[PDB]
Amino acid sequence: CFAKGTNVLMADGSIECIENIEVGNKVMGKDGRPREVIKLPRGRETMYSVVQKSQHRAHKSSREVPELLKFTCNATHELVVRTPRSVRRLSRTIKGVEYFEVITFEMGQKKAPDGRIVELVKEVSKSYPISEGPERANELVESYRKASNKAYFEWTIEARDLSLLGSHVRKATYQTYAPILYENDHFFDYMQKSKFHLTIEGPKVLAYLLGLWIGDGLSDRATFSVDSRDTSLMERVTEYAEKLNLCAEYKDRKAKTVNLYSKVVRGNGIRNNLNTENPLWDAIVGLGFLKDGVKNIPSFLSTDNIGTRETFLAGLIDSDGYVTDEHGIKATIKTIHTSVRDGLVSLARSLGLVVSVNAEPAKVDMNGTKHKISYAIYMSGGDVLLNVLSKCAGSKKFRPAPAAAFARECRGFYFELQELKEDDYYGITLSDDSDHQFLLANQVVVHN
DNA sequence: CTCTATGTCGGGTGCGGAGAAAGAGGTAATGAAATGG
DNA sequence: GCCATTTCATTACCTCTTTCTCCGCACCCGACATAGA
């Protein structure tokens with residue numbers, strides 16, 4: 001059961017407030033498929049607060065508080081958790097004799113003060129004196145390592161039982177969120193829904209261009225900047241631009257500025273068109289990449305076609321995107337516009353990538369200039385991210401496409417738990433044969 | 001003549017990148033107190 | 001209670017990311033003029 005306010009992800013990918021979800025509607029299953037609701041358990045109880053942990057620190061100005069994943073449930077809500085399997089060996093001495101130890105995480109049981117019989121994870125140790133010889137020990141260690149396939153346990157525990165966990169286990173316990181595997185085709189239907197009728201590279205190229213525009217584009221013309229130096233990118237531009245059937249008006253004249261002109265009438269002389277008869281623009285406005293005068297990453301994109309979701313970032317990254325590879329594939333977009341920040345994060349995750357932003361306060365300096373609140377949104381995620389990069393043109397950005405059928409597994413997150421005051425709670429119940437867990441809106445995986 | 005799309009101009013500031021710090025969980029290593037026979 | 005493990009939170013580091021931050025000038029954006037319409 002959830003505290004009132006908590007937003008849910010509906011199977012159609014919309015977002016509905018928990019208190020308003022009725023019976024018969026279909027929530028989002030971690031598999032992207034629908035999870036029907038059959039009961040609206042309501043009531044009053046003691047509520048608990050959740051909130052991811054993180055290397056974040058700047059406080060204690062109103063420097064915005066992070067976008068940390070969070071939610072609030074009653075004391076008996078089941079937390080879909082995970083805990084690593086761990087086995088360490090150790091040699092210690094007491095009462096004279098020194099022995100061998102075999103510390104391990106194994107799921108046992110423990111008595112809740114309230115009397116209940118709770119199934120959880122416990123730290124277990126088995127030991128005998130060094131006299132016998134490290135042989136017995138070394139045996140179990142593998143007889144464990146070689147016990148189960150998954151490197152972690154996947155169980156459930158009620159907020160109110162969490163304390164029951166020992167120190168070591170507690171710390172080594174996290175919750176997870178899953179990627180938005182569902183898929184609308186709003187992008188596609190839109191494309192088909194218009195006058196212009198292009199090839200089957202549209203959704204792709206168009207997507208890629210919208211990506212670049214957002215990053216290095218101009219906010220009042222279907223034109224944008226480029227690094228006179230990245231040639232590969234340069235071509236991509238022409239190519240994709242050409243496929244949408246438009247022109248690349250390259251002008252590096254004292255970095256490079258281009259303009260994507262329609263092949264329409266030119267006007268009387270040469271004073272070509274760029275915004276007119278241009279799908280790019282027809283969309284920027286159509287799909288909402290330009291809300292109320294400022295750029296923006298439209299939310300519908302978080303729930304649309306993955307390919308397209310990918311390609312778009314591809315574009316964003318090819319302009320305003322710095323990539324490295326030294327200790328893992330990672331990419332960093334920098335912005336100053338909230339909408340851009342947000343919209344991007346919500347999208348970034350939809351894929352399964354790990355995201356974290358870092359604001360930089362306004363400033364004013366020696367040049368006496370007034371800087372602005374800046375955001376350095378950070379991403380990573382092995383394959384998932386790679387498969388995006390594989391769709392890049394930039395030299396320093398491009399990266400080969402993952403093996404294949406790379407799994408879009410859930411990402412876990414360490415959190416904090418807080419005891420709140422009793423309060424009305426709303427919960428929903430799914431049909432039996434399902435997994436009994438649905439995804440929230442901030443992509444966090446929860447049980448009903 | 002008025003109302004929009006295209007070039008195009010000048011000023012103040014977005015962001016580019018990298019290196020480093022500051023957290024966060026994992027490990028041993030302890031000190032001892034609880035369990036079962 | 002003697003024995004012989006176990007259980008457990010805390011301690012001092014230990015590894016690994018991911019949050020921060022630094023700063024000037026080439027470039028981004030608002031401002032303006034002018035071919036269309």
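Per the deposited record, the coordinates in this entry were obtained by X-ray crystallography to a resolution of 3.20 Å.

Caption draft 1: Looking closely at the overall build of chain A. Counting its secondary structure elements, chain A contains 9 helices and 34 strands. Overall, chain A is about 100 × 55 × 50 Å in size when its C-alpha atoms are taken along their principal axes. Counting only residues that meet the buried cut, chain A has 46% of its 448 residues in that class. Of the roughly 23500 Å² that chain A leaves accessible, carbon and sulfur atoms contribute 50%. With 62 positive and 58 negative side-chain charges, chain A shows a spacing of 5 Å between the two charge centroids.

Caption draft 2: Region of interest: the protein's contact with DNA strand B. Taken together, 28 residues are adjacent to DNA strand B, and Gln 55, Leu 90, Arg 92, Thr 276 and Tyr 322 come closest. When atoms of DNA strand B within 4 Å of the protein are sorted by moiety, sugar and phosphate together comprise 60%. Measuring from a phosphate oxygen of DNA strand B, one finds a side-chain N or O atom of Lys 372 at 2.9 Å. Take the surface near DNA strand B: its biggest share by element is 4 residues, from strand β10 (residues 87–93). Residue classes in the surface near DNA strand B are distributed as 7 nonpolar, 10 polar and 11 charged.

Caption draft 3: Fine view of the environment of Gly 133. For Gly 133, the position within the fold is in the loop between β13 (127–129) and α1 (135–145). Given a relative accessible area of 11%, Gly 133 falls into the buried group. Sequence separation of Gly 133 and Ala 151 is 18 residues, and the distance between their C-alpha atoms is 28 Å.

Caption draft 4: Representation of the environment of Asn 7. Inspection of the secondary structure assignment puts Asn 7 in strand β2 (residues 7–9). Separated by 14 residues in the primary sequence, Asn 7 and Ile 21 place their C-alpha atoms 9.8 Å from one another. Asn 7 has contacts with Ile 15, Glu 16, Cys 17, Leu 440 and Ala 441, leaving out every residue within four places of it along the chain. Here the side chain of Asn 7 touches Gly 5 through a polar contact of 3.1 Å, landing on its backbone oxygen.

Caption draft 5: Fine view of the packing of helix α4 (residues 202–216) against helix α6 (residues 279–288). Across the interface, α4 lies against α6 with an axial gap of 10 Å and an inter-helix angle of 70 degrees. Between α4 and α6, the crossing angle belongs to the class labelled roughly perpendicular. Crossing of α4 against α6: the hand is right-handed. Facing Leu 206, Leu 209, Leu 210 and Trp 213 of α4, the residues of α6 in contact are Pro 279, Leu 280, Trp 281, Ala 283 and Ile 284. Here the contact of α4 with α6 is composed, by residue class, of 9 nonpolar, no polar and no charged.

Caption draft 6: Representation of the domain arrangement of chain A within the structure. As far as domains go, chain A holds domain 1 (1–177 + 410–448), domain 2 (181–297) and domain 3 (298–392). Relative placement of domain 1 and domain 2: their C-alpha centres are 45 Å apart.

Caption draft 7: Fine view of unusual backbone geometry. Of note in the backbone geometry, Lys 60 takes a positive phi value of approximately 95 degrees without being a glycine. Structurally, the position occupied by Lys 60 is in the loop between β7 (47–52) and β8 (70–74). Look at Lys 60 and you get exposed, because its relative accessible area is 94%. Phi at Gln 443 takes a positive value of approximately 70 degrees, unusual for a residue other than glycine. On the secondary structure map, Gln 443 appears in the loop between β33 (437–439) and β34 (445–447). Exposure remark for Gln 443: the relative accessible area of 4% places this residue in the buried category.

Caption draft 8: Quick peek at the side chain of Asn 387. If you trace the backbone, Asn 387 turns up in helix α9 (residues 383–389). On the basis of relative accessible area, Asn 387 is assigned to the buried category, the value being 11%. When neighbours within four sequence positions are excluded, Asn 387 is seen to be in contact with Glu 310, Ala 401, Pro 402 and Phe 406.

Caption draft 9: Layout of the protein's contact with DNA strand C. The local shell around DNA strand C holds 32 residues, among which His 56, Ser 125, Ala 255, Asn 268 and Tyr 378 are the closest. Each atom of DNA strand C within 4 Å of the protein belongs either to a base or to sugar and phosphate, the latter forming 71%. One of the side-chain nitrogen or oxygen atoms of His 56 is found 3.3 Å away from a sugar or linking oxygen of DNA strand C. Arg 221 places a side-chain nitrogen or oxygen 3.4 Å from a base nitrogen of DNA strand C. For the surface near DNA strand C, the secondary structure elements donating two or more residues are β11 (98–111), β13, α2 (167–171) and β18 (221–226). In the surface near DNA strand C, the residues fall into 6 nonpolar, 16 polar and 10 charged.

Caption draft 10: Geometry of the packing of aromatic side chains. According to the stated counting rule, one finds 9 aromatic pairs in the structure shown. Both rings, one in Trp 213 and one in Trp 281, keep their centres 5.8 Å apart while their planes meet at 90 degrees; by these two values the pair is edge-to-face. Both residues of the pair, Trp 213 and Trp 281, belong to the buried class. An aromatic cluster is present here, built from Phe 2, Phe 71 and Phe 438 joined pairwise through their rings. Geometry around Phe 415 places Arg 170 over its ring, the cationic atom sitting 5.1 Å from the centre. One cation-aromatic arrangement involves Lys 195 over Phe 196; the distance from NZ or CZ to the ring centre is 5.8 Å.

Caption draft 11: Highlighting the nonpolar core. Within the largest apolar cluster, 64 residues are counted, with the highest numbers of intra-cluster contacts made by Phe 289, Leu 344 and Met 379. With 9 residues, α4 is the largest single contributor of residues to this core. Leave out the neighbours within four places in its chain, and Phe 289 touches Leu 210, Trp 213, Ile 214, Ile 284, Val 294, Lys 295, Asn 296, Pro 298, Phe 300 and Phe 312. Within the second largest apolar cluster, 46 residues are counted, among which are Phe 105, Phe 153, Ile 157 and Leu 164.

Procedures and definitions
- Residues numbered from 1 in each chain as written, not as in the entry; some residues may be left out.
- Chains lettered and ligands numbered in written order.
- Heavy atoms only, no water.
- Helix = DSSP H or I, 4+ residues; strand = E, 2+ residues; numbered from the N terminus.
- Buried < 20%, exposed > 50% of the residue type's maximum accessible area, 1.4 Å probe, protein only.
- Areas by Shrake-Rupley, 256 points an atom, 1.4 Å probe, with all protein chains shown as cover.
- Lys, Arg positive; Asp, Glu negative; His and termini not counted.
- Charge placed at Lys NZ, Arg CZ, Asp CG, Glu CD.
- Near = heavy atom within 4 Å.
- Polar contact = N/O pair within 3.5 Å; in protein donor to acceptor, adjacent residues only side chain to side chain.
- Nonpolar A, V, L, I, M, F, W, Y, C, P; charged D, E, K, R; others polar.
- Contact = heavy atoms within 4.5 Å.
- Axes fitted to C-alpha atoms, helices over the stretch in contact; angles between N-to-C directions.
- Parallel < 35°, antiparallel > 145°, perpendicular 65-115°, else oblique.
- Left-handed = near helix turned anticlockwise from the far one by under 90°.
- Domains from an automatic or database assignment.
- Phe/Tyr/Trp six-rings, centres within 6.5 Å; stacked < 30°, edge-to-face > 60°.
- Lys NZ or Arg CZ within 6 Å of the ring centre and 35° of its normal.
- Core = buried A, V, L, I, M, F, W, Y, C linked by side-chain atoms within 4.5 Å.

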